[PDB]
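Throughout, a chain's letter reflects where its sequence line sits, starting with A, and its residues are numbered from 1. FYI, side chains are in, hydrogens and waters are out, and symmetry mates aren't considered; it's all heavy atoms of this structure.
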Amino acid sequence: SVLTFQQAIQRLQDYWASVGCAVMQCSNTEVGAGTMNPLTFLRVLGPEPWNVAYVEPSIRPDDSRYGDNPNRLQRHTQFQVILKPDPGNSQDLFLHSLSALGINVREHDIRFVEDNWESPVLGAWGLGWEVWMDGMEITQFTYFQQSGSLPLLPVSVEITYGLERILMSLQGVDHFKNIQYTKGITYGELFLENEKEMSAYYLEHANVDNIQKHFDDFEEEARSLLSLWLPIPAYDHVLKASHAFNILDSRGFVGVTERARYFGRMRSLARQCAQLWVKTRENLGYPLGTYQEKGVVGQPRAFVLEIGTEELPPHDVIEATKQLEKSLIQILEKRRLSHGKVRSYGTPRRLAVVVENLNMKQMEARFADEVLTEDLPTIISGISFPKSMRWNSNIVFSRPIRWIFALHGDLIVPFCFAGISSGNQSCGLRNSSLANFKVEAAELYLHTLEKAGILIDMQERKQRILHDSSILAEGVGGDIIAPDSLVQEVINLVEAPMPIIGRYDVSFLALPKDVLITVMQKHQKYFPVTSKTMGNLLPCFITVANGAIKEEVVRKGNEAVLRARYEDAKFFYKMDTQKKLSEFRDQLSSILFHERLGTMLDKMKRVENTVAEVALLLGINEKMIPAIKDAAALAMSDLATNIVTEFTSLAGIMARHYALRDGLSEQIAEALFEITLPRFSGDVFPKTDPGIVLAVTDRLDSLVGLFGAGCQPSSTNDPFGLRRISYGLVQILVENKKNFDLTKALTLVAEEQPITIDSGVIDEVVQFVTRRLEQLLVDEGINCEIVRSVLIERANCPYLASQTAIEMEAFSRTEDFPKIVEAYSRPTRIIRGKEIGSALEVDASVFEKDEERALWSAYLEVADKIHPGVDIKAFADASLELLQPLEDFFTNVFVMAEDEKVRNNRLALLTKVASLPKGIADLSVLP
Amino acid sequence: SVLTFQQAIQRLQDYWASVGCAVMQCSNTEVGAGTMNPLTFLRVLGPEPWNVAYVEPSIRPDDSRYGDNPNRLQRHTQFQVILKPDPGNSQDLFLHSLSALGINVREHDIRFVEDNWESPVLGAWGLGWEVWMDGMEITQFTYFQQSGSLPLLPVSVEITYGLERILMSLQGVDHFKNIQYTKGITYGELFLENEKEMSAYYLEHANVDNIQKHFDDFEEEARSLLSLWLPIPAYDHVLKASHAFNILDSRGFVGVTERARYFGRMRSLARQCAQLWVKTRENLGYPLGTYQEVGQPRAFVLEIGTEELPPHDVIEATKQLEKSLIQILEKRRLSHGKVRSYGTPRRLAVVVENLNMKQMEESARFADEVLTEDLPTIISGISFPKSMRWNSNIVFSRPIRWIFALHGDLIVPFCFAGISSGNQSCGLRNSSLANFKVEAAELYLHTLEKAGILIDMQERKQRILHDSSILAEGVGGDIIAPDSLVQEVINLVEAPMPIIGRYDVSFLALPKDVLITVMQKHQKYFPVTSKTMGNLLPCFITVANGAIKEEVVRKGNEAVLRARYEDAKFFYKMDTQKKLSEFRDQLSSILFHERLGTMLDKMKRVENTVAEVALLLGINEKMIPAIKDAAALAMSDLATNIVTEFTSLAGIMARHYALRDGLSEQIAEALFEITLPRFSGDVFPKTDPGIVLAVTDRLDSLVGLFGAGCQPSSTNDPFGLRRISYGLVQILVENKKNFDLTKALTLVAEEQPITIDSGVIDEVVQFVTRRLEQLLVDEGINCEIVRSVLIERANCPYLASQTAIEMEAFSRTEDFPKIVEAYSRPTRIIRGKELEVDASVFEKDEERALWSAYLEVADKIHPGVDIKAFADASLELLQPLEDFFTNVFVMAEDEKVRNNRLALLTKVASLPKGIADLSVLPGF
């Protein structure tokens, strides 16, 4: 017999008590999570240590499903663990807790996947993970950085279990009602009627007027109690205000603007309770405690640096390894240290760089060990992330650094960082024979990792993932659908890829194929499988497990998770079948785009009113406009559907499906899907003309409106995703070979905006988009300056500019290029500052030497063969006709003649010569 | 080493989960008790089973003491267990739960003492006990009978542990803040600041206006959800309404009359939620399942083995069992030797020596068969003031768990309460003879003696008194053992083991009566007083039960007594900061009745009536000014802290505090005496001022409440008006005081806040006369004699008591029938006819002779004579009346002559008026 719910509670309490926690009781006032319990929100504040564990019934009125959905609950049961300060081995304590539940962590696939917890109501945030057990989210795990808008010291670790989820996964039940609570009694027998009636209360019957006035009374009493220096009752009243607001929300009486003001009042009161609680603890003397904290130079040997971390997000692994390699190479150069090949490797738990054949000393001079002892700490410090965190010091990092391996040949490079000393020791796969190992020479590093089951090269990981998954899918007569985006994510969610094929119920094949593929890929990171013969989805998937796990266990686990996910999808689909897409569209007024911009419905009305002119500027025939406008009237209405509010990754897909299911046009349904493409780096692009028009218009509208709203992105904060929005816009225009007048269309949508848009806002957007086009072309493999020189003159049409960039990278290698460039550079350099040359017309009657008329005649013919819009080939070939005339001119004509009229005529001539490249490229940047 | 708080919680959850319970979570809304959690209140309804266990933080805003008191907490932690239906061995399961907490139940003294839980506002009640561990209450144990004003079927067993107290005595710490919650952190470090800040919120800073409005909105929302057929949210809002009310109460804004309105609103909502929940479980199909239900003569022994019965129930049940068994043995012609009944809290027994094997022939069957069909009726006849069900519809004081019935070597086989009789019994729990069998009825007693039980109650009483007085000798002292306390201790044990323990000499500074009442009433201890100085020694005797460890039990009892005495020391210090007269104004916070006002109004009415009542009682007028002073302080102690926490000290404390303030011992004694008698068997007021105070207060209650409509009319006498009137007539008869009931009642009426009509006076007179009647008839006087007297002399109860006694003596004279007849004949004659005598109209000589004899006997017979003078003078009429009747014709023709003779007969028949109405007598 498998574990019962109350058995799980008892075992978690016993376990965490054996580690030194106090097993407490739940809040006797309604909280949405154990985090809101004073045992968490207040006790993380100040320096006093705090190690506690308690069950918490968490009440989220928004999740009321009357018990009808197999997994959604207005009351679920968290197990809340706070450890303060961080003991340093919190992950291991949690895995030990799992074993205490009878779980075999070796056979199961326990994964730490990025998920950062934050709370506006509480003014709190941290960084950490969601923990998957065989693909089931069972625990949120967080290093708390800030609470009550106060920075935290020491940092606490929060481990929050979802007991319903864990029991459903361990018992293998598909509905929460059938969880074994104790022998003979199921979860449903105790709680289904509660779920039913409490849902009825939260969604339909609660008196919203009295509850709003009660919210006000609670605010007033909280302020009163704070002013009386009584934080405990005051925060109690803050919790009551939060529950009241949650009920007003679930009843649907929080308007879209009121929401932020409500959160602001709750946050203000919470910050005040926090500061008052800290003052109170201070006045008490912090009674629970306080917190604190030669020979003959030899041959070049290999140098290995490995920073071991707790699981980093994939983006963080990529960018950390890039930065580490660049920084180390630069420092090695600046320190006269020579070396061979340099290669960097990454992994959720490790960042490594290998320098082959690193010299023992510098040129001209200390040993490399000394130089590195002093430069490596600031190299690691130099690594930066969009989000970092403290854990036991002032040092920040994406996730905690737990070991540091640094070896030059046979010798440790000694240094400290983040309170970690360097050594010759590393960690393998958890719960394995080489969970800890030591390497006695850098040249033995990779070998030893290979002996520990870790494939540290991300490309070898890609190859094994793909090869093994394809073998598995061929075994059932199928092919994996494994886009590179998802493969890239999976590569950095594992260290020892182990693909495993599992099955799902064929009943779910009755769901739309795009729905199953999206659920699989974007929510479970599974590879779908399609038949090699029929071209249809086989009821199969591949999961890339990590480590030496038991195939059978992991398979059944993930199978149960996927069944639950498809059941959620089926539930919300059936909920949507009753209405028709047009009925949903009016509920776009329930979603804020931005306070000073309006709802998604305001946004759509804007899009409708600009879509036809965007179409004409794209040069699509005047005959597709009606349909475009038609599609514009139904765009992103699926944002209001239940399925998309549950699965945000189905926007566009569901608009298409619910449109076809209404007999609407195939091309209109495709337009409704295309307006969202590309959805992510790797996605496909809109390919149908009205889809192109819709997508382009929506991106222009977001850009102009958000930039005029002051949401111009920064180096690290782009909450609205403007950078990828602009990148995708230029990508859409290039891939579909669409000529565009960027400034014209941006002014076009600038007129439709609810706010006033300046010419300066439009110029801001044009520059932002141009820089993303530069990024694109330097990412597709075009030289930097060759791109800049083109974009200076042709950025206003992204597709023409792209073409021109490629053509001049061809130009760049053709022998004549340098001579054409010099030909144009000399007149440009001479006429700099002499605006007189731009103010005069050349007067051929002022010529004095035949070389002047020769140059003038040649210029006039070349000006005829060169227009703004010409291809580079014609430009270069026509510029060839100036070479000899210009050489003759510069050998026999004195440019700075002492007669002002002749000198000015000569400057004007050189000015017209230098003006030919205008609107093609600016050779002032080219080599 | 020692158990921590959280290990106690884990061990309790683990034990009750191992028994089949489901371990739940605490309420996520503030509840004052685990009982209030819907897991109990709602779930005990309907036939569905329910076995649950959960920790419940209970929030009592009035218990806010800022963490300074070592026991009273605005937030304490109960452990709640509900077993439904009753498995039948809940006491055993609870004792096992104690063992799972590390408690050695053999060495400790674990006692089930009567304490029947009830929550009027939740419409719920049950019968059961509070569990004492070496004297300290640790657990409430209740068989729930009714919840939400609805009868329960099947009955649930509720077990509520007080965790703070349990850990405090398991850890040997006398302040909650020093409980080891876990290794390294004390209870204080986690909760003292919470106690401080929440105490401030609940007592001084909570917004009472918004909490009032929130109570109203909560009642509105509960109503709305009730009409929508949603019991769960409705009940949630009832809970929130209760917590809001409690905060209003602790803030001090619930007026003394307002409280009843609040109480009714809360109870109405709770009852409605309970009814809707029952309907909803019915509409759901009760998904959890439904409850289902020749020979030489030989000694006979019957033993009904029960769970712990209250002392009074033991006494009364043994009396009833003996009586009924004797009667049906006689009515069934079964001859037998002597019969003796025995009893302990756990056993009711009757031993019939030499019961015949067969009926006397006068269908003469074997004795075992007739007893087989008769004994269930005998057991079913035993009635108690309070009864309860457990497995069926049969009711008893506590559950019957076994039945032992042996006639010689043979089991008398029958069935009762789902229990089949046998030869098995139960000894002391946790003993080698906790289960034993008896082979021969004649071996029953000896067997109990070897199980260590003293089943004879006089035997128990003698060993208790002896061993306690020996321990008291050991310290040069004597035991204070009033008969009532001893009676109770007799039936709190079944193997008595007296133990002496000490308390601190500081407490000797507290008044004698406080020390004694706290010892006797609350702990059931024997005080010890010095044989030399007569003053109290710092010693006590507690009578433990069973083969306990003397050291453990003594120490636990000493800790409990120290705690109680520290509370008394604190409250006495508070009380002696004001004069007793300064407490009197707080009697306005105690209602007497919504129509009659508060206790302050009642005492003002007493002090405006006390002097005229004294004169009506014939008190020395020079005592009147003291009497009045007494009434100006009477019952002032009800608002003191000592009495508020120790309610048995009312009157006693007014006496002590008056003495302290400098008042006479006479006045102070009157202050204690206004309350007597406080119960049947209590002492009476003996001093004149105390008698006056008691009489006046009782008259005031009677007149005011009868004017208010509270006259009983049936078995429901909530105000105790019957007991009040009984005590009043006893104060008069016992102190030989003459009194005019009617003028005193009128006097008291003119002072009431409501209009008292003459009919109210007449009805109170009739009611009090009826109590006087039952009292005299309880004492042995013939009902007809009592009625004869009370028709004429009830307005003075003491005179009527006198007259009924002496007239009952008269009733056994040989002259009695003669005087009754001599008054009967003329009276019957004239009492159907529809009144001066003119001697000029006399014709015959017997006429004049009768007139003469009557005139003389009349100047001897007056309203107010004794009965001897009545008899002796009336004797002088016997022969004159005979001669008048044989020689004179009343129904004469001459109307004036006839009506004159009739008038003479009327004068003769009107002599007994004021003495007794002879028409009700046997013979008239």
Checklist entry - Could you walk me through whether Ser27(A) and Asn28(B) pass the side-chain contact (heavy atoms from CB on, under 4.5 Å) check? => result CA-CA 6 Å; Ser27(A) 200; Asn28(B) 73 340; over 6 Å; no
Item to check | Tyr202(A) backbone acceptor or donor facing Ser64(A) side chain under 3.5 Å | outcome: no
Item to check | Polar contact flag, side-chain donor to acceptor under 3.5 angstrom, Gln80(A)-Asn37(A) | outcome: no
Item to check | Main-chain N/O of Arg165(A) paired to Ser169(A) side chain as donor or acceptor, under 3.5 Å | outcome: no
Next on the checklist: Under a 3.5 Å distance rule, please check whether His237(A) uses its side chain to pair with a backbone N or O of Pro233(A) as donor and acceptor.
Outcome noted: yes
Next on the checklist: Can you confirm whether more than 12 heavy atoms, excluding those of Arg259(B), are under 6.0 Å from its CZ atom?
Outcome noted: yes
Checklist entry - Could you state the interatomic distance from OG1 (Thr182(A)) to CD (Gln6(A)), rounded to the nearest 0.5 Å? => result 3.5 Å
Checklist entry - When rounded to the nearest 0.5 angstrom, what is the spacing between OH in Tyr201(A) and CG in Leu228(B)? => result 11.0 Å
Checklist entry - So which pairs with a foot in residues 26-51 of chain B pass salt bridge (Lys or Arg N to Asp or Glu O under 4.0 Å), sequence neighbours left out? => result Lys240(A)-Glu30(B), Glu48(B)-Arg281(B)
Item to check | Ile185(A) side, atom CD1; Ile179(A) side, atom CD1 - distance, nearest 0.5 Å | outcome: 14.0 Å
Next on the checklist: Once you measure the plane-to-plane angle for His214(A) and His214(B), does it fall in the parallel (<30°), tilted (30-60°) or perpendicular (>60°) bin?
Outcome noted: tilted
Next on the checklist: Tell me which one of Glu56(B), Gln25(B), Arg75(B) satisfies side-chain hydrogen bond (donor to acceptor under 3.5 Å, both in side chains) with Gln25(A).
Outcome noted: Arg75(B)
Item to check | Backbone of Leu45(B) reached by a side-chain donor or acceptor of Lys84(B) within 3.5 Å | outcome: yes
Checklist entry - Has the side chain of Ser268(B) got a donor or acceptor atom that lies under 3.5 Å from a matching backbone atom of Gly264(B)? => result no
Checklist entry - If you take all heavy atoms of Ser90(B) and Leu83(B), which pair is closest and at what distance? => result OG-CD1, 3.6 Å
Checklist entry - Hey, are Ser224(A) and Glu220(A) close enough side-chain-wise for a donor-acceptor pair under 3.5 Å? => result no
Item to check | Backbone N/O of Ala206(B) and side chain of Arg251(B): donor-acceptor pair under 3.5 Å | outcome: yes
Item to check | Verdict with reasoning, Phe215(A) to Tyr262(A), per ring pair (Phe, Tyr, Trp, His ring centres under 6.0 Å) | outcome: CA-CA 10 Å; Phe215(A) 177 94; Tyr262(A) 269 125; 4.9 Å; yes
Item to check | Electrostatic pair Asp216(B)-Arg265(B), nearest N-O below 4.0 angstrom | outcome: yes
Next on the checklist: Tell me whether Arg223(B) is salt-bridged to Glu219(B), with the criterion being a basic N under 4.0 Å from an acidic carboxylate O.
Outcome noted: yes
Item to check | Side-chain donor or acceptor of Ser242(B) paired with backbone N/O of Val238(B) under 3.5 Å | outcome: yes
Next on the checklist: Show the nearest heavy-atom pair for residues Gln146(B) and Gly123(B), with the distance to one decimal.
Outcome noted: NE2-O, 3.2 Å
Checklist entry - How far apart are the C-alpha atoms of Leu127(B) and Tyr143(B), what are their side-chain angles, what is the distance that settles it, and do they pass the side-chain contact (heavy atoms from CB on, under 4.5 Å) test? => result CA-CA 5 Å; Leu127(B) 305 185; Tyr143(B) 288 87; 5.5 Å; no
Next on the checklist: Applying ring pair (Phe, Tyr, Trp, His ring centres under 6.0 Å) to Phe263(A) and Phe245(A), what does each step give before you reach the verdict?
Outcome noted: CA-CA 9 Å; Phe263(A) 276 157; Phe245(A) 164 79; 5.3 Å; yes
Checklist entry - Between the side chains of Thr160(B) and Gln78(B), is a donor N or O closer than 3.5 angstrom to an acceptor N or O? => result no
Checklist entry - Can a donor-acceptor pair be found between the side chains of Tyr187(A) and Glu195(A) at a distance below 3.5 Å? => result no
Checklist entry - How many angstroms lie between CG in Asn207(A) and CG in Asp217(B), if you round to the nearest 0.5 Å? => result 7.5 Å
Next on the checklist: Regarding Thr77(A) and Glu164(A), do their side chains bring together a donor and an acceptor under 3.5 Å, going by distance alone?
Outcome noted: yes
Item to check | Point-to-point distance, once rounded to the nearest 0.5 Å, from SG of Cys21(B) to CG of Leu12(B) | outcome: 11.0 Å
Checklist entry - Do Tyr235(B) and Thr29(B) have a side chain donor and acceptor closer than 3.5 Å? => result no
Checklist entry - How close do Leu269(B) and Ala222(B) get, heavy atom to heavy atom, and via which atoms? => result CD2-CB, 4.0 Å
Next on the checklist: Take a 6.0 Å sphere around CD of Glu282(B) and say whether it holds more than 12 heavy atoms from other residues, nucleotides or ligands.
Outcome noted: yes
Item to check | Within 6.0 angstrom of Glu293(B) CD, more than 12 heavy atoms from elsewhere | outcome: yes
Next on the checklist: Among residues at least two apart in sequence or on other chains, which ones pass salt bridge (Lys or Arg N to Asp or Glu O under 4.0 Å) with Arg72(A)?
Outcome noted: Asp568(A), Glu646(A)
Item to check | Main-chain N/O of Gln10(A) paired to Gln13(A) side chain as donor or acceptor, under 3.5 Å | outcome: no
Checklist entry - Within a radius of less than 6.0 Å around NZ of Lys279(B), do more than 12 heavy atoms belonging to other residues, nucleotides or ligands occur? => result yes
Next on the checklist: Using only atom types and a distance under 3.5 Å, with no angle test, would you say the side chain of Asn116(B) pairs donor to acceptor with the backbone of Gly128(B)?
Outcome noted: yes
Item to check | side-chain contact (heavy atoms from CB on, under 4.5 Å) assessment of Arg60(B) paired with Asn246(B) | outcome: CA-CA 7 Å; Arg60(B) 307 200 170 170; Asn246(B) 291 354; over 6 Å; no
Next on the checklist: Donor-acceptor pair, distance only, cut-off 3.5 Å: does the side chain of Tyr54(B) make one with the backbone of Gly34(B)?
Outcome noted: yes
Checklist entry - Where do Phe176(A) and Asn71(A) land on the side-chain contact (heavy atoms from CB on, under 4.5 Å) test, with the steps shown first? => result CA-CA 6 Å; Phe176(A) 73 81; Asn71(A) 318 141; 5.9 Å; no
Next on the checklist: Return the CD to OG1 distance between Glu118(B) and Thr142(B), rounded to the nearest 0.5 Å.
Outcome noted: 10.5 Å
